[PDB]
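Structure record follows, encoded as structure tokens.
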Amino acid sequence: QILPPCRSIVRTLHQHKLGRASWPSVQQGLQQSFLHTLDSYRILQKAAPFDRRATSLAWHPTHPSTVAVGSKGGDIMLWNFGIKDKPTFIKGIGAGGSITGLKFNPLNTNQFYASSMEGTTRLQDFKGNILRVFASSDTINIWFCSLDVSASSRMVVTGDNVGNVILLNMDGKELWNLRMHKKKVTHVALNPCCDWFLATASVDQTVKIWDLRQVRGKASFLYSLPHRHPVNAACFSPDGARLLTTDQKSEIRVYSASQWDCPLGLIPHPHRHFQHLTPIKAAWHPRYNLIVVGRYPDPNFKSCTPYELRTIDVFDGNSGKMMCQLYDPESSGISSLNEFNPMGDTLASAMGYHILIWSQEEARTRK
Amino acid sequence: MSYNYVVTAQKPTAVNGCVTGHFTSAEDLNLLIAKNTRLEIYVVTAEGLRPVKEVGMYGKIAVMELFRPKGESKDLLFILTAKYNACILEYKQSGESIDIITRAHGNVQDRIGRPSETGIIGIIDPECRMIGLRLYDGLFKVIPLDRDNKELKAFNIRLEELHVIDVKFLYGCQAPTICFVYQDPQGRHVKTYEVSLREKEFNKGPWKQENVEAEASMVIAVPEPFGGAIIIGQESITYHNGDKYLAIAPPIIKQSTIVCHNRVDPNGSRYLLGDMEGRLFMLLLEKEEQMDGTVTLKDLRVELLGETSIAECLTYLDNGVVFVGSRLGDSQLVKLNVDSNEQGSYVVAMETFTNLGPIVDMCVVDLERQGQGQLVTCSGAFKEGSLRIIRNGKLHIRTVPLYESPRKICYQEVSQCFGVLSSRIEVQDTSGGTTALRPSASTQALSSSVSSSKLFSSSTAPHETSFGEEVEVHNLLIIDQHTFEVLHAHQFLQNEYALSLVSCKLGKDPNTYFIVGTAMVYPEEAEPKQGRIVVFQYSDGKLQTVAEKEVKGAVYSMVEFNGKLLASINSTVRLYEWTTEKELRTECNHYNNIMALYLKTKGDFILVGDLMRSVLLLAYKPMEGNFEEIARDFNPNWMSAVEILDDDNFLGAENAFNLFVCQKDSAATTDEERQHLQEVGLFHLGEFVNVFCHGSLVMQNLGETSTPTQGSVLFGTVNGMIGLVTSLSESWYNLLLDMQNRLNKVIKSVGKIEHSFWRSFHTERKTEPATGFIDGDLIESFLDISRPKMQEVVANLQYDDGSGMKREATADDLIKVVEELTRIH
């Protein structure tokens, strides 16, 4: 395979110590170094099963080794590494209560937000106590699909199966529930560097950029970006300037700050949507300009590589092409969800009925 | 719970930018000089430079250009900071009062955007129709210069060209027009656009895009009567103007890249050019007449004028005099003569101005008197490289030129000498290896000893070298502390870079050794796979190799630890014992780091600073003979230096010019929670800190209990700034913070920048107000304002004088406090 990297590494660091070379060149060199050491994540560290399929994933923001996960049957799990304290569990109905959105609480880490097929955007503890419901369908067969949160703004946002989005405060205060789309809202997210423009994606083959404080007039939006197929995810950058989008058939798109309408590059990659599989969500890496996605081969997709395996692919953002591929037998499932740690030293993967941890090996000999 | 005080001990000396113009009056020729946060204004005279005014700004100066709007009698000044504070300033003088007036100010930040690789570029059209800023890739920000635009409101124009290298406004255009060089997969090209303010858009430029040299890198806008643009590359110089196209490829310039330019003649007939080796050329434009009275370019020639300091910037003054502003070496005033000297140079130096930056390493030693600390820094780069010795009595500076790049310094009292790691550049010879471009310390020693090490000469696949590759040669120099003569130079192995240096004793062995950590550097390797720790003994005027340890990585850092050797090697931290057989033997290893670049120690505890995982606190457990992970800072920070303030307080500096302080979580109720360091201090310093070291240059008041500050750690920067960090009690912190807020209400900020904004922690991930840090510069600025302003500052201020109850402060109370504070540095 490819993975060639080269450079005059330490020199640049000293160049940075002299002021000659600019910081983005440093960021590029250490991005390459990060890829080189990610070539040693090949040894899969840990595996974890449980009951009904995995649907949503989330990282403990402050802690590297802690992670939370939510199932197809409303079964939530909280798991920490190097603890061995037999991780924490909570069950649900198990049939039609699929948790589908899951973000940690920025305030109380022993709390968590959740969006469920039951029709209940809730705030609940890992010990089982429901602290507070935020919204409700009040009529079954109409449920939520999307959820996200912001701490700098102290806001909650959630999306439906019909095309209307809801926006609440941390203490209630609902001033929202206007309709935005014609179909289900697959993903949604707020800017981390801003507080008052939003992004939402839907089955309508359109992804919309809103201004949550200015617009109130039922599709008096700010921007609307089209696509050729429906969209499973539209995720913001940490920096805030790059919006990543991933469709259902075969595509990834990078939109910029600079003219949201036009895209900067198209990254073709197979992640074909499917009914009983968990929907695929590309994701950023929090401290570089990389992209990470899970692959799902299609015999009809125009493959550039002659070898098409199920594996975790890692591309470069501002170029378009690939830079690394992680693969491990005994894990021949399809990695629906993949998310790097906010810390930057660990990767979590959610496959059907399985959760995988990929971190570096070392510790050749103890003393 | 950690409260610290940071103050400037020596302001930055490197010059980042310089411009000339008519700022103080229409008849005066002024020189304005930017030294990061400082702006100096001089009047240019026949003999040299007269200082007229020096001001500080609350920002890193990134752009500085003079301009004169219609109806104005003298130049205005545009300044942009690194945090994107823009301002237009005008000089106003009456009597002995000098004021910097703010004509306009505003923040030009976008809500989102990635700063560009070649950084912020800012240019102003010669007819003052608009200011243009290249801040972010893919965007061109335009500030229309309307009389009403005192807030510097701007609009963005899309740039199809996403990777702009340089851009200028052209002269002689009926509509504002930019010309810029850009890169795409097809190569590099030069293109123009007209800028329509009316349409708030680009229009097609007056002349078509042209292909340029693959390494075309700079654009010069030529004044009337020529108009057009000059494109400077590494091997060629081209001129474009409409249907006119002229290129030259003089081989002489190919040896070194031209990196700066400045117009000599108002009509563009002559330019100065400076390269990375300090060579200075003249570029001359010979005119050709035309029947219609226009003037065109007939030919281009380059002439070598001589040698200067490696120039960041040049400004021609008058009468053959040039100011050479340097960041890597001394600045200069030079004279250009019409006739050359015996060696063929037309340049004669008139005056040299000290620049201490970059400070790559430093130590404090009592060179002359007990209790009288002096700072010894590694300063400079390539032929400008030097050591600098700084002692009080404002400051006395001795300069020791080395003519090559210093990297590390240590003091070895038992040998009465310093050890200094250095590197020099060599280029390929006619038939053999490589040859140096000039003499330097490592080639002028009384004696020298090549590294004949055969530690891994056997069973080590040698890597080829392509004919044409230049090489860096690294050396350990031993330099006498009294005469500063180069007593010895030890050359390291081929492709071996020396990174770290310490002088210490180890184990039970009474000898003192020089210990060096290295990396084997090969061009195709993403990270080093080979390195050495080498233990040398200096005796009988030479270094004898006592011991070596081969490791599979770069030895970034080493520190003496209780008679043992602590070393960081790529992603590992390792503790070695010094055996009876004078060998290094591994005692223990810690692995849970990405890259451990910086170490400091106190007692049996070890603070590890990582490149990207910023800091971790380990304790060596002497009763277990291994390491224990105590706690980590789980917030990411890209480190440049670290320091231990005390057993409970850890100081860090990062690449985005911020400082932070970490403490153990006092309110932690679990081992897991105890393992989380809390970032309790944050401060935007605005400098890139390479090194902290414990010590002080102020005379020690032996038995000076009851002072406002405790401890003294100095730090050195790229710009040649030296700062001091010391510790404060809570009550002093609260008093000084109140003083800061009151000062911030009274002090006129150049460009009307708020101090809180300036000092706010800022990276591309997060922006937060400063905490836990007092701005000593701000406190000291109390002393230069008038007495009535002082009285305003302390009105209705509660102050505890000595030991007692709080009462109202008078100006004299705080004068005394601040005066006492000035003596800590």
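Going by the structure tokens order, chains are called A, B, ..., each with residues numbered from 1, while ligands are numbered from 1 in the order shown.
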Shell of 12 Å around residue 53 (chain B), only C-alpha atoms, local chain residues under 2 positions omitted, as a PDB file with N, CA, C and O atoms, in the first residue's frame:
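Writing done, so here's out_27.pdb:
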ATOM      1  N   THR B  24       5.359  62.164  10.229  1.00  0.00           N
ATOM      2  CA  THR B  24       5.379  63.191  11.260  1.00  0.00           C
ATOM      3  C   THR B  24       5.178  64.589  10.687  1.00  0.00           C
ATOM      4  O   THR B  24       4.682  65.478  11.389  1.00  0.00           O
ATOM      5  N   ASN B  30      10.460  60.060   7.667  1.00  0.00           N
ATOM      6  CA  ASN B  30      10.378  59.241   8.862  1.00  0.00           C
ATOM      7  C   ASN B  30      10.761  57.817   8.501  1.00  0.00           C
ATOM      8  O   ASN B  30      10.482  57.346   7.389  1.00  0.00           O
ATOM      9  N   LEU B  31      11.314  57.118   9.491  1.00  0.00           N
ATOM     10  CA  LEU B  31      11.424  55.666   9.510  1.00  0.00           C
ATOM     11  C   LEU B  31      10.580  55.095  10.640  1.00  0.00           C
ATOM     12  O   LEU B  31      10.743  55.488  11.800  1.00  0.00           O
ATOM     13  N   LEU B  32       9.692  54.163  10.303  1.00  0.00           N
ATOM     14  CA  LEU B  32       8.912  53.423  11.283  1.00  0.00           C
ATOM     15  C   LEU B  32       9.394  51.982  11.294  1.00  0.00           C
ATOM     16  O   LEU B  32       9.527  51.364  10.230  1.00  0.00           O
ATOM     17  N   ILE B  33       9.625  51.450  12.497  1.00  0.00           N
ATOM     18  CA  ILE B  33      10.168  50.110  12.694  1.00  0.00           C
ATOM     19  C   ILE B  33       9.251  49.338  13.632  1.00  0.00           C
ATOM     20  O   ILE B  33       8.897  49.833  14.709  1.00  0.00           O
ATOM     21  N   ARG B  38       6.255  46.345  19.471  1.00  0.00           N
ATOM     22  CA  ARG B  38       6.747  47.708  19.606  1.00  0.00           C
ATOM     23  C   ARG B  38       6.785  48.421  18.264  1.00  0.00           C
ATOM     24  O   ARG B  38       7.106  47.814  17.240  1.00  0.00           O
ATOM     25  N   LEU B  39       6.452  49.710  18.279  1.00  0.00           N
ATOM     26  CA  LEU B  39       6.549  50.566  17.105  1.00  0.00           C
ATOM     27  C   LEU B  39       7.446  51.744  17.460  1.00  0.00           C
ATOM     28  O   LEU B  39       7.146  52.499  18.393  1.00  0.00           O
ATOM     29  N   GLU B  40       8.534  51.903  16.711  1.00  0.00           N
ATOM     30  CA  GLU B  40       9.484  52.997  16.882  1.00  0.00           C
ATOM     31  C   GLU B  40       9.417  53.938  15.690  1.00  0.00           C
ATOM     32  O   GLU B  40       9.395  53.483  14.544  1.00  0.00           O
ATOM     33  N   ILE B  41       9.391  55.239  15.967  1.00  0.00           N
ATOM     34  CA  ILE B  41       9.357  56.276  14.947  1.00  0.00           C
ATOM     35  C   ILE B  41      10.629  57.089  15.127  1.00  0.00           C
ATOM     36  O   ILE B  41      10.900  57.604  16.225  1.00  0.00           O
ATOM     37  N   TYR B  42      11.368  57.238  14.030  1.00  0.00           N
ATOM     38  CA  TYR B  42      12.601  57.995  13.940  1.00  0.00           C
ATOM     39  C   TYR B  42      12.422  59.035  12.845  1.00  0.00           C
ATOM     40  O   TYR B  42      11.661  58.826  11.891  1.00  0.00           O
ATOM     41  N   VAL B  43      13.189  60.119  12.937  1.00  0.00           N
ATOM     42  CA  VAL B  43      13.409  61.006  11.803  1.00  0.00           C
ATOM     43  C   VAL B  43      14.775  60.697  11.217  1.00  0.00           C
ATOM     44  O   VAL B  43      15.768  60.570  11.943  1.00  0.00           O
ATOM     45  N   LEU B  49      20.122  58.217  12.384  1.00  0.00           N
ATOM     46  CA  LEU B  49      18.767  58.106  12.906  1.00  0.00           C
ATOM     47  C   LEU B  49      18.644  58.875  14.213  1.00  0.00           C
ATOM     48  O   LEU B  49      19.481  58.718  15.108  1.00  0.00           O
ATOM     49  N   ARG B  50      17.602  59.703  14.314  1.00  0.00           N
ATOM     50  CA  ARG B  50      17.260  60.411  15.543  1.00  0.00           C
ATOM     51  C   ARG B  50      16.026  59.779  16.176  1.00  0.00           C
ATOM     52  O   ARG B  50      14.960  59.824  15.543  1.00  0.00           O
ATOM     53  N   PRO B  51      16.067  59.182  17.372  1.00  0.00           N
ATOM     54  CA  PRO B  51      14.825  58.629  17.934  1.00  0.00           C
ATOM     55  C   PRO B  51      13.882  59.762  18.307  1.00  0.00           C
ATOM     56  O   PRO B  51      14.298  60.751  18.914  1.00  0.00           O
ATOM     57  N   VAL B  55       6.463  53.463  21.060  1.00  0.00           N
ATOM     58  CA  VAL B  55       5.199  53.065  21.666  1.00  0.00           C
ATOM     59  C   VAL B  55       5.103  51.547  21.639  1.00  0.00           C
ATOM     60  O   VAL B  55       5.716  50.887  20.795  1.00  0.00           O
ATOM     61  N   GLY B  56       4.360  50.988  22.588  1.00  0.00           N
ATOM     62  CA  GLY B  56       3.949  49.599  22.524  1.00  0.00           C
ATOM     63  C   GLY B  56       2.535  49.516  21.980  1.00  0.00           C
ATOM     64  O   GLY B  56       1.724  50.411  22.210  1.00  0.00           O
ATOM     65  N   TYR B  91       0.010  60.754  13.215  1.00  0.00           N
ATOM     66  CA  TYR B  91       0.948  61.360  14.154  1.00  0.00           C
ATOM     67  C   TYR B  91       0.604  62.822  14.396  1.00  0.00           C
ATOM     68  O   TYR B  91       0.394  63.585  13.448  1.00  0.00           O
ATOM     69  N   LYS B  92       0.538  63.203  15.674  1.00  0.00           N
ATOM     70  CA  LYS B  92       0.204  64.562  16.079  1.00  0.00           C
ATOM     71  C   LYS B  92       1.249  64.979  17.104  1.00  0.00           C
ATOM     72  O   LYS B  92       1.414  64.308  18.128  1.00  0.00           O
ATOM     73  N   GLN B  93       1.946  66.086  16.832  1.00  0.00           N
ATOM     74  CA  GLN B  93       2.963  66.632  17.726  1.00  0.00           C
ATOM     75  C   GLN B  93       2.727  68.109  17.991  1.00  0.00           C
ATOM     76  O   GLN B  93       2.402  68.874  17.079  1.00  0.00           O
ATOM     77  N   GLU B  96       6.577  69.287  23.318  1.00  0.00           N
ATOM     78  CA  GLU B  96       7.216  68.047  23.735  1.00  0.00           C
ATOM     79  C   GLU B  96       6.218  66.900  23.826  1.00  0.00           C
ATOM     80  O   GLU B  96       6.607  65.773  24.145  1.00  0.00           O
ATOM     81  N   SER B  97       4.946  67.151  23.532  1.00  0.00           N
ATOM     82  CA  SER B  97       3.918  66.127  23.615  1.00  0.00           C
ATOM     83  C   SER B  97       3.834  65.417  22.273  1.00  0.00           C
ATOM     84  O   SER B  97       3.637  66.055  21.233  1.00  0.00           O
ATOM     85  N   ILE B  98       3.988  64.099  22.310  1.00  0.00           N
ATOM     86  CA  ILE B  98       3.874  63.241  21.140  1.00  0.00           C
ATOM     87  C   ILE B  98       2.700  62.326  21.430  1.00  0.00           C
ATOM     88  O   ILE B  98       2.685  61.639  22.460  1.00  0.00           O
ATOM     89  N   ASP B  99       1.725  62.316  20.530  1.00  0.00           N
ATOM     90  CA  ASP B  99       0.551  61.477  20.677  1.00  0.00           C
ATOM     91  C   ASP B  99       0.350  60.701  19.394  1.00  0.00           C
ATOM     92  O   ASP B  99       0.565  61.221  18.294  1.00  0.00           O
ATOM     93  N   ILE B 100      -0.060  59.451  19.551  1.00  0.00           N
ATOM     94  CA  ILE B 100      -0.495  58.615  18.447  1.00  0.00           C
ATOM     95  C   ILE B 100      -2.013  58.694  18.455  1.00  0.00           C
ATOM     96  O   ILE B 100      -2.658  58.183  19.370  1.00  0.00           O
TER      97      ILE B 100
END
Fewer than 3 positions away in the same chain doesn't count, so skip those; otherwise give me all residues within 10 Å of region 700-708 of chain B, counting only C-alpha atoms, as number ranges by chain.
-> B: 5, 371-373, 696-697, 726-729, 731-733, 802-803, 817, 820-821, 824
Would you mind exporting the chosen residues as a PDB file, in the first residue's frame, restricted to N, CA, C and O atoms?
ATOM      1  N   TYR B   5       2.896  36.231  38.116  1.00  0.00           N
ATOM      2  CA  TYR B   5       3.200  37.561  37.621  1.00  0.00           C
ATOM      3  C   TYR B   5       4.241  37.423  36.527  1.00  0.00           C
ATOM      4  O   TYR B   5       5.300  36.827  36.744  1.00  0.00           O
ATOM      5  N   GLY B 371      26.575  35.894  43.573  1.00  0.00           N
ATOM      6  CA  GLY B 371      25.289  36.524  43.780  1.00  0.00           C
ATOM      7  C   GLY B 371      24.859  37.449  42.663  1.00  0.00           C
ATOM      8  O   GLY B 371      23.731  37.958  42.702  1.00  0.00           O
ATOM      9  N   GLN B 372      25.721  37.688  41.678  1.00  0.00           N
ATOM     10  CA  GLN B 372      25.450  38.547  40.531  1.00  0.00           C
ATOM     11  C   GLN B 372      25.211  37.654  39.316  1.00  0.00           C
ATOM     12  O   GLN B 372      26.149  37.299  38.600  1.00  0.00           O
ATOM     13  N   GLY B 373      23.956  37.279  39.088  1.00  0.00           N
ATOM     14  CA  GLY B 373      23.662  36.416  37.961  1.00  0.00           C
ATOM     15  C   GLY B 373      23.817  37.175  36.656  1.00  0.00           C
ATOM     16  O   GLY B 373      23.512  38.365  36.561  1.00  0.00           O
ATOM     17  N   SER B 696      17.823  34.566  38.176  1.00  0.00           N
ATOM     18  CA  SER B 696      17.497  35.985  38.192  1.00  0.00           C
ATOM     19  C   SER B 696      18.752  36.791  37.892  1.00  0.00           C
ATOM     20  O   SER B 696      19.860  36.404  38.274  1.00  0.00           O
ATOM     21  N   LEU B 697      18.564  37.923  37.207  1.00  0.00           N
ATOM     22  CA  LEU B 697      19.612  38.912  36.969  1.00  0.00           C
ATOM     23  C   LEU B 697      19.636  40.072  37.959  1.00  0.00           C
ATOM     24  O   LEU B 697      20.507  40.941  37.858  1.00  0.00           O
ATOM     25  N   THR B 726       7.250  35.074  37.989  1.00  0.00           N
ATOM     26  CA  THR B 726       7.396  34.922  39.430  1.00  0.00           C
ATOM     27  C   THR B 726       6.024  34.624  40.030  1.00  0.00           C
ATOM     28  O   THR B 726       4.998  34.769  39.367  1.00  0.00           O
ATOM     29  N   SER B 727       6.008  34.173  41.286  1.00  0.00           N
ATOM     30  CA  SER B 727       4.775  33.769  41.952  1.00  0.00           C
ATOM     31  C   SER B 727       4.249  34.871  42.870  1.00  0.00           C
ATOM     32  O   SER B 727       5.017  35.666  43.415  1.00  0.00           O
ATOM     33  N   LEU B 728       2.921  34.899  43.043  1.00  0.00           N
ATOM     34  CA  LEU B 728       2.229  35.875  43.879  1.00  0.00           C
ATOM     35  C   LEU B 728       1.318  35.199  44.893  1.00  0.00           C
ATOM     36  O   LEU B 728       0.809  34.100  44.658  1.00  0.00           O
ATOM     37  N   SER B 729       1.115  35.869  46.027  1.00  0.00           N
ATOM     38  CA  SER B 729       0.062  35.473  46.947  1.00  0.00           C
ATOM     39  C   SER B 729      -1.295  35.910  46.388  1.00  0.00           C
ATOM     40  O   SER B 729      -1.383  36.715  45.456  1.00  0.00           O
ATOM     41  N   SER B 731      -3.620  37.800  47.824  1.00  0.00           N
ATOM     42  CA  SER B 731      -3.941  39.203  48.082  1.00  0.00           C
ATOM     43  C   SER B 731      -3.218  40.131  47.116  1.00  0.00           C
ATOM     44  O   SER B 731      -3.799  41.107  46.618  1.00  0.00           O
ATOM     45  N   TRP B 732      -1.972  39.799  46.784  1.00  0.00           N
ATOM     46  CA  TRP B 732      -1.243  40.583  45.799  1.00  0.00           C
ATOM     47  C   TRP B 732      -1.885  40.435  44.430  1.00  0.00           C
ATOM     48  O   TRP B 732      -1.980  41.413  43.682  1.00  0.00           O
ATOM     49  N   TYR B 733      -2.278  39.215  44.063  1.00  0.00           N
ATOM     50  CA  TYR B 733      -2.995  39.010  42.810  1.00  0.00           C
ATOM     51  C   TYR B 733      -4.224  39.903  42.730  1.00  0.00           C
ATOM     52  O   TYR B 733      -4.464  40.552  41.709  1.00  0.00           O
ATOM     53  N   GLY B 802       1.708  47.697  54.259  1.00  0.00           N
ATOM     54  CA  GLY B 802       2.444  46.877  55.212  1.00  0.00           C
ATOM     55  C   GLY B 802       1.540  45.816  55.812  1.00  0.00           C
ATOM     56  O   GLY B 802       0.907  45.028  55.099  1.00  0.00           O
ATOM     57  N   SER B 803       1.492  45.790  57.144  1.00  0.00           N
ATOM     58  CA  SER B 803       0.654  44.864  57.896  1.00  0.00           C
ATOM     59  C   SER B 803      -0.357  45.702  58.664  1.00  0.00           C
ATOM     60  O   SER B 803       0.027  46.513  59.513  1.00  0.00           O
ATOM     61  N   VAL B 817       4.863  50.816  45.404  1.00  0.00           N
ATOM     62  CA  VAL B 817       4.652  49.411  45.051  1.00  0.00           C
ATOM     63  C   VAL B 817       5.274  49.112  43.693  1.00  0.00           C
ATOM     64  O   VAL B 817       6.030  48.146  43.534  1.00  0.00           O
ATOM     65  N   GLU B 820       9.055  49.244  43.622  1.00  0.00           N
ATOM     66  CA  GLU B 820       9.591  48.019  44.205  1.00  0.00           C
ATOM     67  C   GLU B 820       9.502  46.880  43.202  1.00  0.00           C
ATOM     68  O   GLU B 820      10.416  46.054  43.090  1.00  0.00           O
ATOM     69  N   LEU B 821       8.393  46.828  42.469  1.00  0.00           N
ATOM     70  CA  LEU B 821       8.196  45.811  41.448  1.00  0.00           C
ATOM     71  C   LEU B 821       9.198  45.939  40.310  1.00  0.00           C
ATOM     72  O   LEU B 821       9.566  44.932  39.709  1.00  0.00           O
ATOM     73  N   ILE B 824      12.501  43.658  40.455  1.00  0.00           N
ATOM     74  CA  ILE B 824      12.519  42.196  40.400  1.00  0.00           C
ATOM     75  C   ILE B 824      13.095  41.688  39.085  1.00  0.00           C
ATOM     76  O   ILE B 824      13.282  40.473  38.935  1.00  0.00           O
TER      77      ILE B 824
END
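Nearest residue to chain B, choosing from A:57, A:356, A:167, A:10 and counting only C-alpha atoms: A:10.
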For region 512-520 of chain B: contacts at 6 Å, only C-alpha atoms, fewer than 6 positions along chain excluded, given as a list in words | residues 495, 496, 497, 498, 499, 500, 501, 502, 503, 504, 505, 530, 531, 532, 533, 534, 535, 536, 537, 554 and 555 of chain B
Just need the residues of chain A within 6 Å of chain B, counting only C-alpha atoms, so spit them out as a compact mmCIF listing (two decimals) with C-alpha atoms, in the first residue's frame.
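Ended up saving to result.txt:
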# COMPACT_ATOMS: atom_id res chain seq x y z
CA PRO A 5 5.81 9.75 4.24
CA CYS A 6 9.02 11.78 4.15
CA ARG A 7 10.32 15.11 5.50
CA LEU A 18 13.61 30.35 14.93
CA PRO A 24 0.47 25.78 9.23
CA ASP A 239 -12.17 25.09 13.53
CA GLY A 240 -15.61 25.95 12.15
CA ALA A 241 -14.60 26.77 8.57
CA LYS A 367 10.75 -3.26 34.79
Compile the contact shell of residue 698 (chain B) as a PDB file with C-alpha atoms, in the first residue's frame: residues with an atom at most 12 Å away, counting only C-alpha atoms, same-chain residues fewer than 6 positions apart removed.
ATOM      1  CA  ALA B   9      12.772  42.120  31.237  1.00  0.00           C
ATOM      2  CA  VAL B 364      22.217  31.846  34.296  1.00  0.00           C
ATOM      3  CA  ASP B 366      27.585  34.094  38.195  1.00  0.00           C
ATOM      4  CA  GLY B 371      25.289  36.524  43.780  1.00  0.00           C
ATOM      5  CA  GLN B 372      25.450  38.547  40.531  1.00  0.00           C
ATOM      6  CA  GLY B 373      23.662  36.416  37.961  1.00  0.00           C
ATOM      7  CA  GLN B 374      24.307  36.935  34.260  1.00  0.00           C
ATOM      8  CA  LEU B 375      22.242  35.486  31.410  1.00  0.00           C
ATOM      9  CA  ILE B 390      23.653  40.068  29.479  1.00  0.00           C
ATOM     10  CA  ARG B 391      24.280  41.644  32.887  1.00  0.00           C
ATOM     11  CA  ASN B 392      22.844  44.671  34.655  1.00  0.00           C
ATOM     12  CA  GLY B 393      24.677  47.957  34.944  1.00  0.00           C
ATOM     13  CA  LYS B 394      20.228  49.748  31.758  1.00  0.00           C
ATOM     14  CA  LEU B 395      21.818  46.546  30.450  1.00  0.00           C
ATOM     15  CA  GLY B 711      10.839  32.970  42.648  1.00  0.00           C
ATOM     16  CA  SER B 712      12.292  34.035  39.313  1.00  0.00           C
ATOM     17  CA  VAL B 713      12.146  32.112  36.018  1.00  0.00           C
ATOM     18  CA  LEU B 714      13.448  33.820  32.874  1.00  0.00           C
ATOM     19  CA  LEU B 724      10.331  36.912  33.824  1.00  0.00           C
ATOM     20  CA  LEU B 821       8.196  45.811  41.448  1.00  0.00           C
ATOM     21  CA  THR B 822      10.583  47.268  38.866  1.00  0.00           C
ATOM     22  CA  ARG B 823      13.550  45.864  40.810  1.00  0.00           C
ATOM     23  CA  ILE B 824      12.519  42.196  40.400  1.00  0.00           C
ATOM     24  CA  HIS B 825      13.985  42.217  36.857  1.00  0.00           C
TER      25      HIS B 825
END
Non-local contacts of residue 430 (chain B) (12 Å; only C-alpha atoms; under 3 positions in same chain excluded) as a ChimeraX atom specification | /B:427,433-435,467-468
If we count only C-alpha atoms and set the cut-off at 12 Å, which residues sit around residue 43 (chain A), ignoring sequence neighbours fewer than 4 positions away in its own chain? Please answer as a short mmCIF file (atom, residue, chain, number, x, y, z; two decimals) with N, CA, C and O atoms, in the first residue's frame.
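Generated file (selection_9.cif):
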data_model
loop_
_atom_site.label_atom_id
_atom_site.label_comp_id
_atom_site.auth_asym_id
_atom_site.auth_seq_id
_atom_site.Cartn_x
_atom_site.Cartn_y
_atom_site.Cartn_z
N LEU A 38 -0.19 6.50 13.37
CA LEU A 38 -1.47 5.82 13.19
C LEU A 38 -1.31 4.54 12.39
O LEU A 38 -2.15 3.64 12.50
N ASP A 39 -0.25 4.45 11.59
CA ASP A 39 0.13 3.18 10.96
C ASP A 39 0.48 2.09 11.97
O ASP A 39 0.62 0.93 11.56
N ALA A 47 -12.24 -5.13 22.33
CA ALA A 47 -13.54 -5.44 21.75
C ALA A 47 -14.57 -5.49 22.87
O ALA A 47 -14.25 -5.84 24.01
N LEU A 326 -7.03 1.30 7.86
CA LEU A 326 -6.90 0.35 8.96
C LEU A 326 -7.82 -0.84 8.73
O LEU A 326 -8.99 -0.68 8.38
N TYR A 327 -7.27 -2.04 8.94
CA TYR A 327 -7.99 -3.29 8.72
C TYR A 327 -7.52 -4.32 9.73
O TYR A 327 -6.34 -4.34 10.10
N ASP A 328 -8.44 -5.17 10.17
CA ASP A 328 -8.11 -6.23 11.12
C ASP A 328 -9.11 -7.38 11.00
O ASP A 328 -10.30 -7.18 11.28
N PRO A 329 -8.69 -8.58 10.60
CA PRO A 329 -9.60 -9.73 10.69
C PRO A 329 -10.02 -9.99 12.12
O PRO A 329 -9.48 -9.44 13.08
N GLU A 330 -11.03 -10.86 12.25
CA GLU A 330 -11.84 -11.05 13.46
C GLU A 330 -12.73 -9.85 13.75
O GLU A 330 -13.38 -9.81 14.80
N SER A 331 -12.78 -8.87 12.85
CA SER A 331 -13.64 -7.70 12.95
C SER A 331 -14.23 -7.39 11.59
O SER A 331 -14.28 -6.24 11.15
N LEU A 356 -15.24 -1.27 19.14
CA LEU A 356 -13.83 -1.55 18.91
C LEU A 356 -12.96 -0.37 19.32
O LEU A 356 -13.31 0.79 19.05
N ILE A 357 -11.81 -0.68 19.92
CA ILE A 357 -10.85 0.31 20.40
C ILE A 357 -9.48 -0.02 19.82
O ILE A 357 -8.99 -1.14 19.98
N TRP A 358 -8.84 1.00 19.22
CA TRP A 358 -7.77 0.83 18.23
C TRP A 358 -6.39 1.35 18.67
O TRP A 358 -5.47 1.35 17.85
N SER A 359 -6.23 1.79 19.91
CA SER A 359 -5.08 2.61 20.29
C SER A 359 -3.75 1.89 20.11
O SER A 359 -3.68 0.66 19.98
N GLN A 360 -2.68 2.69 20.08
CA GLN A 360 -1.31 2.22 19.90
C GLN A 360 -0.93 1.15 20.92
O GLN A 360 -1.36 1.18 22.07
N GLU A 361 -0.08 0.24 20.48
CA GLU A 361 0.62 -0.71 21.34
C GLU A 361 2.04 -0.19 21.55
O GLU A 361 2.56 0.55 20.73
N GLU A 362 2.64 -0.56 22.68
CA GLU A 362 4.03 -0.38 23.09
C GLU A 362 4.11 -1.11 24.44
O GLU A 362 3.29 -2.00 24.67
#
